[PDB]
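Colleague: coords please:
(one chain, ligands or ions: 6)
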Amino acid sequence: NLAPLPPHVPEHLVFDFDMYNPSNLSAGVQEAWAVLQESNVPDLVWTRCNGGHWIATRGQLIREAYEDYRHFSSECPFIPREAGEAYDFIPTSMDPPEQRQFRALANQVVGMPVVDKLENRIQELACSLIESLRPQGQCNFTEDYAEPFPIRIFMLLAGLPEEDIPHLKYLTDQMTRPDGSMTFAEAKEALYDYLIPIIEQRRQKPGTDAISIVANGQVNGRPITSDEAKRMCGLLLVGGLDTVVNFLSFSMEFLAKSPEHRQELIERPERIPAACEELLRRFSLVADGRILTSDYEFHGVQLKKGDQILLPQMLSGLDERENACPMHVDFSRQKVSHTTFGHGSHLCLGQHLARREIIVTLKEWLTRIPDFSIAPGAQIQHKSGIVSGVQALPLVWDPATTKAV
Ligand code: HEM
Ligand SMILES: CC1(C)[C@@H]2CC[C@@]1(C)C(=O)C2
Ligand SMILES: [K+]
Ligand SMILES: [K+]
Ligand SMILES: [K+]
Ligand SMILES: [K+]
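Modeller: Numbering: from 1, shown residues only. Ligands and ions are numbered 1, 2, ... in the order given. The coordinates are given below.
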C-alpha cells in the first residue's frame, strides 16, 4: 500500500520508486537505480513507496546533502522509520565536530597499520582457500570464499572465536536487509546481549584485540561507556561481515561474466589496485539516507523537519555529470568521483583492510583460477537495501585451465 502524499510536495517531482524492490532490478542491484537518471527525471524526486521520502538522483545533489550535515542528519539514515528510530551507531549517529574523539578512536581501532598486522594472514588465507578450490571447477563463492575469508580476519582482529560466525552473520544481515524474522531493534538488542559480556571482559582484562581499544578509549574528558562501545562495535560488525562480504560477492558477479576484464588484470597486474577503485565506483552496494533537522530550502522547494532523503551511492557512482565512462567498465583510473565512503565529515574508516583483501583476492585468483563463469541454469537474484545483497553465487570453471601457485 503506497503512502498518501504530503501537503508540501507538488506532483511534477513524483516517481513511485521502491527502495527494496528497485524498478530496473534485472540490470544488477546498483545499475537498477540508473533509471532515476533519465532526462525528464529531476535532480530531486519524491516517492510514495517505503512510507514516502525524497531521493536525490545525482552526485552533486547527493554531496550537497552530505555538506549541509547541519541540516541533513544521520541520527536517522534508515528510510524505514521503524529501523531508523532503532538506529544509534558510532561515529555516524553522533554530531560533529564534537564527534571528533569517537572517530580518532575508530581510526586507531582500524587503520592502514592493522592492514599490516593481518596482511600476511590475508595473503596465506586467500592462498590457502584458493589452493583448496584451484582444481575443483566450481564453488558457491558467497559461502566457499566471500563469507569465510574476511570474517576469519575481522573475528581474529576483534578477538572472537569462529564459532559465533553464523550467529553474527545471521544478526548482521537481519539488521542490513529485511528478511522478516527480526526487526533492527530486535537484532541489535540480541547483538548487544551477546557483545556486552565481551566488552565487560575487555574492561576486566584488556588484550591485543580491537574491542579492547573500543572499551578503553578516552573521549570528552571521560571513559567510553559500554553504551557507546556497543554502538561503535555495531558499525564495524556491519562493516566486516556484510559490506566487505557482499562487495566480494558483487566483484565476482561481474568477473564471472567478464573474460576481457579478467584478461586486463592478467596482462597487467598493476591495474589490480585501479580495478578495485572502479569496482568501488561500479558495484557501490549501499542505499544510504539522512533526516531533515529544520525546515529548509532545497532545489526550489521548501523541505520540512522530520523529512527523510535517500542519497544512493550508485547515483554518484553511475552519474554522467560525475564519472567519465560510467556504464562501460575500464580499469585505467587516475581519478574517480563517488560516495562509496560518504563525504566531508563522514569518511569510511575501515575499508582499507577490504581494499588489500580484495586486491589480494584479485591477484591470487587470476593466477590459480584465470578463466571462469557462473553455473549454467543459475539465475542470480539480487537484494536491495541500505546495504544491498545477493541470494547465492555458484561459479564454474574447467580444472584443466587452472595453475598450481
Ligand atoms: C568495501 C566495503 C565497504 C564499503 C563499501 C563501505 C562503505 C562506507 C560508507 C559509505 C561510509 C560512510 C557512511 C556514512 O556516511 O554514514 C562508511 C563508514 C564507515 N566504515 Fe566503511 N565501508 C566498507 C567496509 C568497511 C569495513 C571493512 C569496516 C570495518 C573495519 C568499515 C567501517 C567503517 C567505519 C568505522 C565507518 C564510519 C566512518 C565515519 O563515521 O566517518 N567499513 N563506509
Ligand atoms: C554501514 C553503513 C556505511 C551503511 C550505510 C550507512 C552506514 C553507517 C549504515 O548504518 C549502513
Ligand atoms: K542518464
Ligand atoms: K556546508
Ligand atoms: K565445496
Ligand atoms: K555460510
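
Colleague: who's in contact with the residue nearest to residue 27 when sequence neighbours are not counted?
Modeller: For residue 27, the nearest residue in space outside its immediate sequence neighbours is residue 34; the separation is 6.9 Å by CB to CB, 6 or more residues apart in numbering. In this view, the C-beta of every residue, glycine as well, is placed from N, C-alpha and C. Taking CB atoms under 8 Å, 6 or more residues apart in numbering as the contact definition, residue 34 lies against 24, 27, 314, 318, 327.

Colleague: In a strand, the last one, correct?
Modeller: No: membership of residue 327 in a strand is not supported by DSSP: H, G, I helix; E, B strand; the rest coil, which gives coil.

Colleague: what's the closest non-adjacent residue to it?
Modeller: Using CB to CB, 6+ apart, the nearest residue to residue 327 is residue 318, at 6.9 Å.

Colleague: correct me, but that neighbour touches residue 33?
Modeller: Yes: in this structure, residue 318 sits in contact with residue 33. The criterion is CB atoms under 8 Å, and the distance is 7.5 Å.

Colleague: Those two: which is more packed in?
Modeller: residue 33 (29 against 23; other CB atoms under 10 Å).

Colleague: what's the distance between the more buried one and residue 323?
Modeller: For residue 33, the distance to residue 323 under the criterion CB to CB, to the nearest Å works out to 14 Å.

Colleague: Also residue 393?
Modeller: Between residue 393 and residue 323 the computed distance is 26 Å (CB to CB).

Colleague: quick one: which of these two has more around it?
Modeller: Looking at residue 393 and residue 323 with other CB under 10 Å, you find the greater number of neighbours at residue 393, namely 23 against 20.

Colleague: shouldn't the more buried one be in contact with residue 252?
Modeller: Yes: in this structure residue 393 lies within contact range of residue 252 using CB under 8 Å: 6.4 Å.

Colleague: what sits in contact with each of these two?
Modeller: The contact sets of residue 393 and residue 252 overlap at 141, 146 (CB under 8 Å, 6+ apart).

Colleague: Show me what the host helix or strand of residue 126 packs onto, helices and strands only.
Modeller: Using DSSP states H and E, the element containing residue 126 is helix 112-133. Packed against helix 112-133, as judged by 3 or more CB pairs under 8 Å, 6 or more residues apart in numbering; DSSP states H and E, are the following elements: helix 148-158, helix 352-368.

Colleague: Can you name the element that comes right after it?
Modeller: The first helix or strand that comes after helix 112-133 along the chain, using DSSP H and E, is strand 138-140.

Colleague: Please name the strands paired to that following strand in the sheet, noting orientation.
Modeller: When pairs are called by DSSP bridges, strand 138-140 turns out to pair with strand 394-396 (antiparallel).

Colleague: who's in contact with the strand it pairs with?
Modeller: Counting by CB under 8 Å, 6+ apart, the neighbours of strand 394-396 from elsewhere in the structure are 137-141, 252, 256, 372-376, 378.

Colleague: just these now: which is nearest ligand 1?
Modeller: residue 252 (13.9 Å; CB to the nearest ligand atom).

Colleague: Just list the residues touching the closest residue to the closest one other than its chain neighbours, thanks.
Modeller: Excluding the flanking residues, the one nearest residue 252 by CB to CB, 6+ apart is residue 141, at 5.5 Å. By CB under 8 Å, 6+ apart, the contact list for residue 141 reads 248, 249, 252, 393, 394, 395.

Colleague: got the buried residues for stretch 117-130?
Modeller: Applying a neighbour-count criterion of 16 or more other CB atoms under 10 Å, one finds 118, 122, 125, 126, 129, 130 buried in stretch 117-130.

Colleague: Measure how buried the spatially closest residue to residue 354 that is not a sequence neighbour is and give me the count.
Modeller: Setting aside the residues directly before and after it, residue 354 is nearest to residue 244 in space (CB to CB, 6+ apart), at 4.0 Å. Counted by other CB under 10 Å, the residues lying close to residue 244 total 24.

Colleague: Equivalent analysis for residue 210, please.
Modeller: Considering only other CB under 10 Å, residue 210 is surrounded by 21 other residues.

Colleague: for it, what are its contacts?
Modeller: When contacts are taken as CB under 8 Å, 6+ apart, residue 210 is in contact with 109, 110, 114, 157, 158, 159, 236.

Colleague: one more time with 7 Å
Modeller: 109, 110, 157, 158 (CB atoms under 7 Å, 6 or more residues apart in numbering).

Colleague: By neighbours, which of the contacts of residue 34 wins?
Modeller: Highest neighbour count within the contacts of residue 34, by other CB under 10 Å: residue 314, with 28 neighbours.

Colleague: Hmm, it is touching residue 32, no?
Modeller: No: with contacts defined as CB atoms under 7 Å, residue 314 does not count as touching residue 32, sitting 8.6 Å away.

Colleague: still on that earlier bit, nearest to ligand 6 among the contacts of residue 34?
Modeller: Sorting those by distance to ligand 6 puts residue 314 at the head of the list, at 26.2 Å, by CB to the ion.

Colleague: number of nearby residues for the nearest residue to the closest one once chain neighbours are set aside?
Modeller: Taking CB to CB, 6+ apart as the measure, residue 314 lies nearest to residue 30, with 3.8 Å between them; neighbours along the chain are not counted. Residue 30 is surrounded by 26 other residues when neighbours are defined as other CB under 10 Å.
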